[PDB]
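Novice: structure for this input, please:
(3 chains)
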Amino acid sequence: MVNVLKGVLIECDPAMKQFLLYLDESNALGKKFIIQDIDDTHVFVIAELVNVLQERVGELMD
Amino acid sequence: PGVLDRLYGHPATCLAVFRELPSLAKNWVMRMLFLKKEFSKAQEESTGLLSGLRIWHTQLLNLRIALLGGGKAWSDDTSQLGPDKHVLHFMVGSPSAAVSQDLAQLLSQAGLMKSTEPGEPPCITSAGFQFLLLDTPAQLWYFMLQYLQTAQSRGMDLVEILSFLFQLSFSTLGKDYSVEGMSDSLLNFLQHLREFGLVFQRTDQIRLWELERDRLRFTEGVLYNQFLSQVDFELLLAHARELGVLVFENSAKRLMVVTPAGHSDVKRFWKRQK
Amino acid sequence: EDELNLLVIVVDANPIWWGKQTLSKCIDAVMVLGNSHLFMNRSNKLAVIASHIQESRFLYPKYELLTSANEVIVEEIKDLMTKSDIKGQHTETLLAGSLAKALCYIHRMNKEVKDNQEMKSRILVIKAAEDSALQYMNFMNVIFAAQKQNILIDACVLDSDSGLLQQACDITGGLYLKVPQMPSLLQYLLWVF
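Specialist: Numbers count the residues shown, from 1 in each chain, chains lettered A, B, ... in the order given. Please see the structure below:
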């Protein structure tokens, strides 16, 4: 089962904020690159480099 | 009179018994201090002997004058003993003892100037690795050594003392780290150095804990694992992450799991053997 | 330092010191204490008296004098050691006599000082011995004189039971301490009073 590995960052956000990151993912310019996938409602596989952006954008956004 | 040797003897016995491993000696040594002491002491085991050595000079503070001179006489013996002996605990003991002899003003500046012990304090002072505890006794020794010289007219030691200058790099480090304790020790060295030789030398805050919390926000740096060949290899590789305590998440119906970066390598090794 | 201060130390010589088995050490400690006391202020003076079994005697009479004080004390005590009044041959000591001597000295020093300003004095007793009924009138006479004089009599009982001394401190408004651990003598002298 050690078939495949992928370095990624695991984000453990709440059931409220997660959907904003996804929203952030779409309807965005130079984006949609951001989320690898939604593993759980709470957790997402995302970014790497994008994490700095996702966090900052969330901050700036309401 | 006869009672005197007996009573104090019992505490000599107690210190002797739990002499080796820890730091039992300090309290008992003090009691021992009051009641050729140095010559006789020398035979006894080093640790504890040094402890007694340390506190006795401190304890001195007419007949007292006689005592100091007597101590001065065998300052060499302790000094010979100090070197040669030279853990952090031991190291603390050797400088603490040296420091104590220094304040007494019994030690000969010459002799001290050319001795390994002075090199050793700045050596530990230089190295980043030494702990805060070693640092404070090392620092104190230096301060006391300089304190001892109330002249510098005739004090070769106030040359080697200059070895403080070497410390600045160490202070730069220490500063880089948030080691306030170390820095304070440095300042004491500087201030003391200047002192000896000065003549010769020319609500509202509620938003501030919230602004601190704005600098912390979570995610983890991570490996994901997928496309696992059969369930036994998820469960082995998963249980071997869970005992390593670096599972961030798991879902057995996905056959998918997550490890933070610090145990990527123990997983990469277990994936290769079994 | 403005006020001249005389501290008289009465040392109980009794052979009880044998039980103490050391007198030599007690002297060394007392000397250290005196040196510190004299060093604290220019105006401090010290007088030392020995209350022996047979009689009271003056060991010594400023800090500059300390070297003199040390020699005078060592020599004086050695003379005292004599066999008579040996061990508990005589349980008591002549404290009344010692106190009388102390008050006389304090008075004389005071008169000279009277020419000048006021003097403050206190008496310290290092007590090894036991009190006796015969002693009551004489001791109390001296004690009461001190109280009237407003001279505190402090007492450090290394051992034995001198009730009169305990009473003496109470009347005098002085301090009385029965020392547990006699080897801690130096600490008591410095700390206690």
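Novice: near chain A, anything from the lengthiest strand in chain B?
Specialist: Identified as the longest strand of chain B according to DSSP state E is strand B:220-226. Yes - interface with chain A: strand B:220-226 contributes B:220-226 (C-beta under 8 Å from any C-beta of the partner chain). C-beta coordinates here come from the backbone N, C-alpha and C atoms, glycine included.
Novice: among those residues, which ones are buried?
Specialist: Neighbour counting by 16 or more other C-beta atoms under 10 Å in any protein chain shown classes B:220, B:222-226 among the residues of strand B:220-226 next to chain A as buried.
Novice: so which of those residues comes closest to chain C?
Specialist: Distances from chain C to these, taken as C-beta to the nearest C-beta, are shortest for residue B:220 (59.8 Å).
Novice: quickly note the distance from that closest one to residue B:260.
Specialist: To residue B:260, residue B:220 is 5 Å away according to C-beta to C-beta, to the nearest Å.
Novice: same check, this time on residue C:164
Specialist: Residue C:164 is 81 Å from residue B:260, by C-beta to C-beta.
Novice: which one of the two has more residues nearby?
Specialist: residue C:164 (20 against 17; other C-beta atoms under 10 Å in any protein chain shown).
Novice: next up, the contacts around the more buried one.
Specialist: Residue C:164 makes contact with C:95, C:131, C:135-136, C:139-140, C:143, according to C-beta atoms under 8 Å, 6 or more residues apart in numbering or on different chains.
Novice: possible to save the residues you listed as TSV with neighbour count?
Specialist: Output for those, formatted as TSV (neighbours: other C-beta atoms under 10 Å in any protein chain shown):
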residue	neighbour count
C:95	29
C:131	22
C:135	18
C:136	14
C:139	25
C:140	15
C:143	23
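Novice: any chance of CSV for the residues you listed, columns secondary structure and distance to residue B:184?
Specialist: Below are the contacts of residue C:164 laid out as CSV (DSSP: H, G, I helix; E, B strand; the rest coil; distance: C-beta to C-beta, whole Å):
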residue, secondary structure, distance to residue B:184
C:95, helix, 55
C:131, coil, 57
C:135, helix, 61
C:136, helix, 63
C:139, helix, 58
C:140, helix, 60
C:143, helix, 55
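Novice: distance to residue B:42 added to those, as a markdown table?
Specialist: Formatted as a markdown table, these follow (distance: C-beta to C-beta, whole Å):
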| residue | distance to residue B:42 |
| --- | --- |
| C:95 | 44 |
| C:131 | 47 |
| C:135 | 50 |
| C:136 | 54 |
| C:139 | 50 |
| C:140 | 54 |
| C:143 | 51 |
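Novice: tell me the one among these nearest to residue B:215.
Specialist: residue C:143 (74.3 Å; C-beta to C-beta).
Novice: who's in contact with the closest residue to that closest one other than its chain neighbours?
Specialist: In this structure, residue C:143 finds its nearest non-sequential neighbour in residue C:168, 4.5 Å apart by C-beta to C-beta, 6 or more residues apart in numbering or on different chains. Residue C:168 sits next to C:139, C:143, C:146, C:153, C:155, C:174, C:176 when contact means C-beta under 8 Å, 6+ apart.
Novice: I'd like the distance between residue C:168 and chain A.
Specialist: To chain A, residue C:168 is 79 Å away according to C-beta to the nearest C-beta, to the nearest Å.
Novice: quick one: buried residues of whatever helix or strand that residue lives in?
Specialist: Per DSSP states H and E, residue C:168 falls inside helix C:163-172. Going by neighbour count (16+ other C-beta under 10 Å), the buried part of helix C:163-172 is C:164-169, C:172.
Novice: ok, these vs chain B, which is closest?
Specialist: Of all these, chain B sits closest to residue C:165, with 22.9 Å by C-beta to the nearest C-beta.
Novice: and the closest residue in space to the closest one that isn't next to it in sequence, its phi and psi?
Specialist: Distances taken as C-beta to C-beta, 6+ apart place residue C:155 nearest to residue C:165, at 4.5 Å, with adjacent residues excluded. Backbone dihedrals for residue C:155, given as degrees, to the nearest 10, come out at phi -140, psi 140.
Novice: quick check: residues of chain C near chain B?
Specialist: C:19-25, C:27-29, C:31-32, C:34-35, C:66-67, C:69-70, C:183-184, C:186.
Novice: hang on, the earlier thing: in JSON lines: the buried ones among the residues of strand B:220-226 next to chain A, plus distance to residue C:112.
Specialist: Output for these, formatted as JSON lines (distance: C-beta to C-beta, whole Å):
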{"residue": "B:220", "distance to residue C:112": "88"}
{"residue": "B:222", "distance to residue C:112": "92"}
{"residue": "B:223", "distance to residue C:112": "95"}
{"residue": "B:224", "distance to residue C:112": "99"}
{"residue": "B:225", "distance to residue C:112": "100"}
{"residue": "B:226", "distance to residue C:112": "104"}
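Novice: quick check, nearest of the residues you listed to residue B:199?
Specialist: Scanning these for proximity to residue B:199, where the rule is C-beta to C-beta, the winner is residue B:220, at 60.0 Å.
Novice: measure residue B:263 to chain C for me?
Specialist: In this view, residue B:263 and chain C are 59 Å apart by C-beta to the nearest C-beta.
Novice: that residue should be in a strand, yeah?
Specialist: No - applying DSSP: H, G, I helix; E, B strand; the rest coil, one finds residue B:263 to be helix, outside a strand.
Novice: what are the bridge partners for the nearest residue to residue C:170 once chain neighbours are set aside, then?
Specialist: Nearest residue to residue C:170, sequence neighbours excluded (C-beta to C-beta, 6+ apart): residue C:176, at 7.3 Å. Following DSSP bridges, residue C:176 is listed with bridge partners residue C:155.
Novice: can you pull the contacts of residue C:25?
Specialist: B:1, B:4, B:35, C:183, C:185.
Novice: quickly find the element holding it.
Specialist: Per DSSP H and E: helix C:23-40 holds residue C:25.
Novice: and what of residue C:98?
Specialist: Here residue C:98 sits within helix C:95-115, counting by DSSP H and E.
Novice: list the contacts of that helix.
Specialist: Against helix C:95-115 from outside (C-beta under 8 Å, 6+ apart): C:4, C:6, C:8, C:10, C:12, C:45, C:47, C:49-51, C:55-56, C:58, C:61, C:119, C:121, C:123, C:125, C:127, C:129, C:135, C:138-139, C:141-143, C:145-146, C:149, C:151, C:153, C:162, C:164-165.
Novice: of those residues, which belong to helices?
Specialist: C:135, C:138-139, C:141-143, C:145-146, C:149, C:164-165 (DSSP state H).
Novice: gap between stretch A:20-30 and the chain center?
Specialist: Its chain's C-alpha centre and that of stretch A:20-30 lie 9 Å apart, by C-alpha atoms, centre = their mean, to the nearest Å.
Novice: and it, how far apart are its ends?
Specialist: End-to-end span of stretch A:20-30 (C-alpha to C-alpha, to the nearest Å): 16 Å.
Novice: near chain B, anything from it?
Specialist: No - Stretch A:20-30 is not in contact with chain B by C-beta under 8 Å from any C-beta; minimum separation 10.4 Å.
Novice: just the helices in chain A please.
Specialist: Under DSSP H, chain A gives helices at A:18-25, A:50-60.
Novice: what pairs with residue 5 across the strands?
Specialist: I'll assume chain A. residue B:225.
Novice: correction: the question concerned chain C.
Specialist: Assessed by DSSP bridges, residue C:5 has beta-bridge partners residue C:44, residue C:120.
Novice: burial of it, as a residue count?
Specialist: 16.
Novice: measure it to residue C:152 for me?
Specialist: 12 Å.
Novice: now do the shared contacts for these two.
Specialist: By C-beta under 8 Å, 6+ apart, the residues touching both residue C:5 and residue C:152 are residue C:122.
Novice: great, nothing more from me.
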